[PDB]
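The sequence shown: position 110 = 110 (PDB author numbering), numbered continuously. C-beta: ideal position from N, C-alpha, C; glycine also. Here is the structure we will look at, set down as C-alpha cells.
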Amino acid sequence: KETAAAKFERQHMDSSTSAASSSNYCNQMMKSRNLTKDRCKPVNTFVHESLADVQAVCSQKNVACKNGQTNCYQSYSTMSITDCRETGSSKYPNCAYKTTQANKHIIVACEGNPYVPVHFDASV
Ligand SMILES: Nc1ncnc2c1ncn2[C@@H]1O[C@H](COP(=O)(O)O)[C@@H](O)[C@H]1OP(=O)(O)O
C-alpha cells in the first residue's frame, strides 16, 4: 500500500549521490526504482537534495501545473537534478535512457495532509 508521497520519493528522490550520475545512471536508476517494469517511462527526473528540502517546496512559489491544476510549486533555490529521457533505439523490456545532470528550479505538485510532493511537473 504505497502512498502517493512514497511513490514520489521512489520515482524522484535520490539524495545519495550529491550528483555524480554516470552516463549509465538513468539506465540503472530507472530500472532499480521499478520505472521500466510495465513499460518504458518516457521521461523522469531525479532530485539530489535532501527530502526535507524537496518537501519544503510545497510552501514555496505557487504556479500553475502543466495540466491546468493549481497545486504546483516552484523552488526558490536551484536544485541538483538528473533528467532521464528514453533513447530512440530503446526497446522494452530493454529500456535505454540518456542521462543529463542539471541545476534548476523544480516544479512539483503537492497534495494531502501533510501537504507533500506527489508529482514532478517540470524543471526550469
Ligand atoms: N493522477 C495524476 N494527476 C496529476 N498528475 C499526474 C497524475 N499521474 C501522473 N501525473 C503527472 O503527470 C505527468 C505525466 O505522467 P504520466 O507519464 O504517468 O502520464 C507527470 O508529471 C506525472 O508526474 P509523476 O510521474 O511524478 O507522477
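Here's the rule I'm using: 16 or more other beta-carbon atoms within 10 Å means buried, otherwise exposed. How should residue i be labelled?
i: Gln69; result: exposed
i: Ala20; result: exposed
i: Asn27; result: buried
i: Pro117; result: buried
Name, in chain order, the residues that DSSP records as bridge partners for residue i.
i: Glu111; result: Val116
i: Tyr73; result: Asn62, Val108
i: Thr17; result: Bridge partners of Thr17: none, in fact.
i: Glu49; result: Answer is none; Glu49 lacks a bridge partner.
i: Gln101; result: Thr82
State the DSSP-derived secondary structure class of residue i, mapped to helix, strand or coil.
i: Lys7; result: helix
i: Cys95; result: coil
i: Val43; result: strand
Going straight from the alpha carbon of residue i to that of residue j, what length do you get?
i: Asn44; j: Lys61; result: 22 Å
i: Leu35; j: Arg85; result: 12 Å
i: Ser15; j: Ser50; result: 6 Å
i: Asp53; j: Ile81; result: 13 Å
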